[PDB]
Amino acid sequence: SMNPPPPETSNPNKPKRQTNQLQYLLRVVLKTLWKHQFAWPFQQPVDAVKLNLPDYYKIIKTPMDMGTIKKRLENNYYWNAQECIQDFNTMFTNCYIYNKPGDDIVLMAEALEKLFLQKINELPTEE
């Protein structure tokens, strides 16, 4: 009956690089998703103690949120842009896992997923 620690966002032993793709994910993708009207329930880890949701972290064993993604990009925690896209995908599917098809929170995450996909269509070439 206690929230887990948030996901790690710093990995100081890992090599670091800046790519056009990683910079785009932070400066465009994360930015556009953050300001969407549906974003706030996904911006921080679910606070299951505050919400009185004792089952959340019994069901969700790989939590992910947009605040954690932002910090990872800022700390060059990702070497490959797909590791970041995976975290985004984990955040959406965590919503589909915890809730039920057609739920309103799920319709919210679905709309955010469509926008995320629209944005990564414009991802700069890996070059």
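For clarity, a rigid core is taken as the largest C-alpha set superposing within 1.5 Å between two forms. One rule holds for the numbers: they count along the sequence shown, beginning at 1.
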Stretch departing more from the displayed form, 64-72 or 94-102, Cα RMS in 8 other deposited structures of this protein (core fit): 94-102
Residue stretch of maximal mean CA temperature factor, 51-59 vs 71-79: 51-59
Residue stretch of maximal mean CA temperature factor, 103-111 vs 6-14: 6-14
For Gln86, the third of its chain into which the C-alpha B factor falls: middle
Chain thirds of CA B-factor: placement of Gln37: middle
